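Novice: Structure of the sequence below:
(chains A, B, C, D, E, F and G)
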Amino acid sequence: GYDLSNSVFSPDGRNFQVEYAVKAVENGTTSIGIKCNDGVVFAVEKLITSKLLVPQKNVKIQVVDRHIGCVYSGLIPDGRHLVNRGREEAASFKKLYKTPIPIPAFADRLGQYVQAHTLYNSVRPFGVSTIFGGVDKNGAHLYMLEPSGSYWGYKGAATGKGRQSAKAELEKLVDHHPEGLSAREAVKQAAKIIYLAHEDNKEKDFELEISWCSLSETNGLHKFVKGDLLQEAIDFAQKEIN
Amino acid sequence: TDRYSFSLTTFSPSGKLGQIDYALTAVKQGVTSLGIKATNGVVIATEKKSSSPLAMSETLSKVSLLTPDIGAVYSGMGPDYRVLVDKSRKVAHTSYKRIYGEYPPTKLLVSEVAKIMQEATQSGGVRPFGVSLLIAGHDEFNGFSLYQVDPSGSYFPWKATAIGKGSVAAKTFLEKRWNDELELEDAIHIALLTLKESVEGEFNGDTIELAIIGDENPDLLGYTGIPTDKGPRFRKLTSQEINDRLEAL
Amino acid sequence: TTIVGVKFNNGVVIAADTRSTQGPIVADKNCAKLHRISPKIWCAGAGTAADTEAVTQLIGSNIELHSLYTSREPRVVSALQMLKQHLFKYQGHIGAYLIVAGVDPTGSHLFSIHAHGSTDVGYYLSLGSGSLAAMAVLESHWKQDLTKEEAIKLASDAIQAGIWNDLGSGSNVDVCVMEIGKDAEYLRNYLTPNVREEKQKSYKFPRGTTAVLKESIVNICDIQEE
Amino acid sequence: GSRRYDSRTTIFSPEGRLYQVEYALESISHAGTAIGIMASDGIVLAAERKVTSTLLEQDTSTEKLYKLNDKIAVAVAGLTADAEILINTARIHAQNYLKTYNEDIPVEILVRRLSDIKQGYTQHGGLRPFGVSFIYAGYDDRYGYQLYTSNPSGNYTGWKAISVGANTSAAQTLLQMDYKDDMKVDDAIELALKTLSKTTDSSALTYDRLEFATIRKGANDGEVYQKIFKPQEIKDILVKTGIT
Amino acid sequence: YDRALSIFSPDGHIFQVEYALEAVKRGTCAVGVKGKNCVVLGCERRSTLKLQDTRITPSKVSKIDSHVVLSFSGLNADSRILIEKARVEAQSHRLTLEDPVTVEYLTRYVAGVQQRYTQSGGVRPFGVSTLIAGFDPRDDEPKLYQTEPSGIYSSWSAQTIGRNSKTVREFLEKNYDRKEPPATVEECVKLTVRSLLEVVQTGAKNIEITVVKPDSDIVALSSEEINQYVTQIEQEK
Amino acid sequence: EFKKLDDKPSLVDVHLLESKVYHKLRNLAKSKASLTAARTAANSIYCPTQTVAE
Amino acid sequence: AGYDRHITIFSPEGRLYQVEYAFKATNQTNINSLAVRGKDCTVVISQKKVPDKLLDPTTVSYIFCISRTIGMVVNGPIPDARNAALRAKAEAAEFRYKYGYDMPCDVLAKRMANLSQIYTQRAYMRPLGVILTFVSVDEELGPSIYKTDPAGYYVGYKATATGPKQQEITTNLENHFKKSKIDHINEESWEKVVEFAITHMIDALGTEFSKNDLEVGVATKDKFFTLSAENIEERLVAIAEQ
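Specialist: Numbering: from 1, shown residues only, chains lettered A, B, ... in the order given. See the structure here:
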């Protein structure tokens, strides 16, 4: 019984519910966040379930404000509620203080919302991990938010099934470039480790979506990488894994 | 949502209410405090305790002031005492210093705080506060008075009583030590001597907290030039005054 | 009805007079307009009588509750703030004109609050209806660096001249001198203006002059015993 | 979550019956006895304290006896906290009646109102009952002296002699044999004392363990003197009846 | 609180309505028999307990209007909430629609009252069953209704509810006739006394009888009266 | 008479003096008896340091 | 019932086991702090640990700025740390607004304390599993440390430590003030109090520290600052040259 809910406590410091929420996020697809010098670059592995689908017509990276990219894994519907909530909170701050929200401020807000869902009998703690960042005027920042309401700064973060492949390769990238790398050069890097993170997920086929927010390419807005730039990334990675 | 509005205190099949039976045990797992009622004054004395010896003890209060004539002292839980002292004061101002523009008599203050315990016995989302309070105070018309409010929400006046874990032994000691006229000077020596049979701890003014609702002090008045009112009848005894009395036992 | 407060660098004197009026009829010959928010914070009130007295009660309670939870002695500025918010939500329909004088762990003070929510600073303030007359006196004989002995003369004479240049003023001058580091000193009836002139004829009448049409006896003092 | 841990104590048993009401009735025979005996000239209310200690102050205590108004007083037996509440509810109701009609409440009306209050707590809201039993002594002109008991369910019946609290069955048997329709108040005082001497749950029965109060027509001009006695007037009338 | 005290049962019931009917079974017994120009409700009172004030205590027949009586069996405490609603509706009818209530309208109201505490959350049904009898105004037809804690209402020619009602109901098939009531008021009273003497027994002091005649005349017959009526039945039997 | 009023640790000392008396009467059969009774009154933990040194 | 410690209900032993379970969950970050009162300052030192190379080291933090005079040091899980950081901020705005001076630390100890009681009195609120150390320098009470705990109990301190290995620190502090024979070190400058603090911590925890494994917060008169890794580096060399 004391292993069933969130308002319970147990004399092991465990609160079994919340730990079970990580297990939800562990069924998700790989999502990485590459922190570069100029901004942030997200990419998500998007499973192609069937050849019946209409392709490139589902976005798992949703914008909050005009400058904070948000991409999440775990329960897809559950995550859509958390993003809607952070779009309310962004909009409240934009009115009350007439500037686009800082990212350490966006962090406070979301952080509070999921923490809330471990203190009542009548709620369930959300089982999603978010990865969100952008450019504000104090510079680019990146945050990963655990379903437990835990978060930290990050020069590279990931979550998903293929968080195993992805993490080791991010170590490789801070030891390649310990003085950082360009946001343009990092499009090709997000392609490379999303492809490698589909060797823990090779029972299907997938589509790669890449988006960026960097100061120096997009004027500090959260945009998608699209057209011919996007296929250069696909080819690059495709040839390394062959 | 929430749906905790169902009582969490219920009658037991054997009768008596389980949750208040549990709370009273808890009072005898606490610190020890006693009060003696004298002819011309009232004394309460209790032990100060902390986790480590490197903690202070002057920043902690287990004799607390409700009114300038009425102090309280507890045995039971520290956290649960702290909140109810504040609520005791809040209701003493809002329902008697606004509507009669003065402080309430001891019997009247007792009764107010007994309602607050009562709704911690009734309704959902509450469990009883696990304290027993002494409320000794003085009002003019019934003179000196000593009460005990319990976990259950009843009150009792007493002529001398103790609460805490060393309680059963302490009331036996005070049975032979009570007298029909006891002076406040004499009583002070009594309470110390009883709580010395009840406390092993290094016995100074700094660990034994003494408070009297003795007699009025026009120097704690805070103003002069009004002869009509008189000062606090409560007076918290700091370490120096208790140190002389240590030596006189 | 006049109030002076005279701040000096030793303490503070705040004085006001005991005549209250209800229009041309003198409502009360002695009434204490010096209220004790706290023991160390005395104020006086001018303006509407029923609104000064009642709101020194509200804040008197609220400041004592406050100090007990803080386990430190009151600030003056705490009194001033409580008042400010309270007045402002009625939007000036409580016509309180207070001079909030007080010693605290920051030193001697003198503040003003007016009947709209406006608050002013100064080492000399004058307020109320007979203000104008007390103010005139002050500026000629003041200087900073008074003692309590200088200050007490100057304030009380401005109140005495306020009687003689205002019609709401009159009767006894009460003064309270609150020093730092001491109990506040309510030197009531520091200055008597005048003693009421001796009348030339006794007016106590013969007994049985009035008539009684009926009478009855009721003693409400007891309910019927055994 | 919350619905899971919900007690549900306000549902019927298979018998149609309310377990918590019975549990309340069970626990009041753990509190002291309060007796009412109706004389023709007055009403004696005689209560035996459920506490006593030589270190107790039981002299300012009116811990069983309460005035609801100057014409209707109660004897309380049960959990004192729940009881205190109803006591100031009752005062509020008496004064309301008095505000609107400018006439004191009859005993019939105030006993029906308290009873409906109780009824609500057992009927719904998932609460536990208020476990109290009141013996109402009161005077009104319309029906005279009237004596009443109410129980935690919220049901009332009038009585000529009643006992509540500890040894209810016992006190009832006794009362039936030593009652007479019309008595003086003294004879009643005596009888009140005598029943408590045979039912006392300690062998000894003393003044300091009696709270004792009457309402007497020894007030002239057809008025009723509510008297709550001092324990030193109790001491004399207890030596009178020869108990002590 | 908004949590259910009514949990649906797979049986095709709700448990609490079945529990509420038992509670009614354990209650004191009421008979209703209507004449041609009267109604008669007889009810058992347990007066078996001694030194009971009976003067000041209300009969188990309550007038709710000047021509509508309500008698009841089951939880005595609970009943009083129904009696306070019903007295309130009776005035409301005069206020907004004018004239006194009809027995039918009032019975329907009661029906919807007990019904409500089934279907709502936060509440358990009332285990109280009523016999509502009376006259409609401008009329002289006795109309005798029964409402039951299921929140189901019925008209009846004669009915009984309470403890050991079955024993009286079999007697009423056989001594009251669907076609012909007994036509004098007096005989109707004695038919109901004679019925009461099956289960109640134990002397004639536990019998109480309220008789209502149209034109707003509710009078309750005292013990003395009953004593004479019972003795007659006794001698003839 | 003070053994019904047993509550004082100042009865430790009385047993200790009775022990001393039998000690110089030079019997240690009875010396032990009163020594046992001294340890029994001093089993109370509210006794001074000086009496325990005794 | 089998429910007896799912809610904040007494046991046959007359105890709140539920609340005790909070104190077994104040030791999950396994960070340790020690905080000492100088003569005209307060100093609080805590450990910093990063589990990966891939976090940003700056943001990892346990010493949270509440007022500009009241620092707050958190032992126990960072989700409940934040909720505790927020509530406190709320009361600090609230006090200035209504009383017209900045919040005293003393008063923050009782508000946040009484709030804790309210979480163990509702039968649907789970208490924060954070021990807060509040450091300040007051002018009315002098330098003070107030420790609240998940129960809502609190007391003052002359020095205090918190953390799972905090017994060890208790030995150092007890021995230290035994020799001085006073509750506060007679030292008129904050520099040499940072120097002292680190020394007892090196003795107690048995490991010497570096710049990137420390986190230091200092309360002076009338301002609260945190020192960066560079200012901490200077302090460490000067212990060696004593």
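
Novice: Name the SS class of the residue in chain G that chain F sits nearest to, please.
Specialist: Closest approach between chain G and chain F, counting by Cβ to the nearest Cβ: residue G:178, at 20.8 Å. The way it works is simple: take the backbone N, C-alpha and C, and place the C-beta from them, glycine included. What DSSP: H, G, I helix; E, B strand; the rest coil gives for residue G:178 is helix.

Novice: distance of it from chain A?
Specialist: Residue G:178 sits 34 Å away from chain A, going by Cβ to the nearest Cβ, to the nearest Å.

Novice: Is the residue of chain F found nearest chain B in a helix, a strand, or coil?
Specialist: Residue nearest to chain B within chain F (Cβ to the nearest Cβ): residue F:46, separated by 5.4 Å. Counting by three-state DSSP, the backbone at residue F:46 sits in coil.

Novice: That one contacts residue B:197, correct?
Specialist: Yes: using Cβ atoms under 8 Å, residue F:46 makes contact with residue B:197 at a distance of 5.4 Å.

Novice: The two: who's more crowded?
Specialist: A side-by-side neighbour count of residue F:46 and residue B:197, using other Cβ atoms under 10 Å in any protein chain shown, places residue B:197 first with 16 against 13.

Novice: Assumed the more buried one was part of a helix.
Specialist: Yes: assigned with three-state DSSP, residue B:197 falls within a helix.

Novice: And it, how close does it get to chain C?
Specialist: 32 Å.

Novice: For that residue, give its distance to residue G:141.
Specialist: Distance of residue B:197 to residue G:141, computed by Cβ to Cβ, to the nearest Å: 36 Å.

Novice: Next: residue D:76.
Specialist: 49 Å.

Novice: out of the two, which sits in the busier spot?
Specialist: Remark: of residue D:76 and residue G:141, residue D:76 carries more neighbours, 26 against 15, as counted by other Cβ under 10 Å.

Novice: beta partners for the more buried one?
Specialist: residue D:134 (DSSP bridges).

Novice: and the longest helix seen in chain G, anywhere near chain C?
Specialist: Secondary structure of chain G per DSSP state H: the longest helix is helix G:78-99. Yes: looking at helix G:78-99 against chain C by Cβ under 8 Å from any Cβ of the partner chain, the contacts come from G:98-99.

Novice: What's the first helix or strand after that helix?
Specialist: helix G:105-119 (DSSP states H and E).

Novice: Can I get that following helix in CSV? Just the C-alpha atoms.
Specialist: Only the C-alpha atoms of helix G:105-119 are listed here, as CSV (Å, rounded to 0.1, in the frame of the first residue of the first chain):
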residue,chain,number,x,y,z
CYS,G,105,15.2,35.7,9.8
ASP,G,106,13.7,35.0,13.3
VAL,G,107,10.2,35.6,11.9
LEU,G,108,11.0,33.5,8.8
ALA,G,109,11.8,30.6,11.1
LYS,G,110,8.3,30.8,12.7
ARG,G,111,6.3,31.3,9.4
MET,G,112,7.9,28.6,7.5
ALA,G,113,7.7,26.5,10.7
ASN,G,114,3.9,27.0,11.2
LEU,G,115,3.4,26.2,7.6
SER,G,116,5.2,22.9,8.1
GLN,G,117,2.7,22.0,10.9
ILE,G,118,-0.2,22.7,8.6
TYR,G,119,1.2,20.1,6.1
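
Novice: So which bits of the helix or strand following it are buried?
Specialist: The element immediately downstream of helix G:105-119 (helix or strand, assigned by DSSP H and E) is strand G:131-137. Residues of strand G:131-137 classed as buried: G:131-137 (neighbour count, 16 or more other Cβ atoms under 10 Å in any protein chain shown).

Novice: Many thanks, have a good one.
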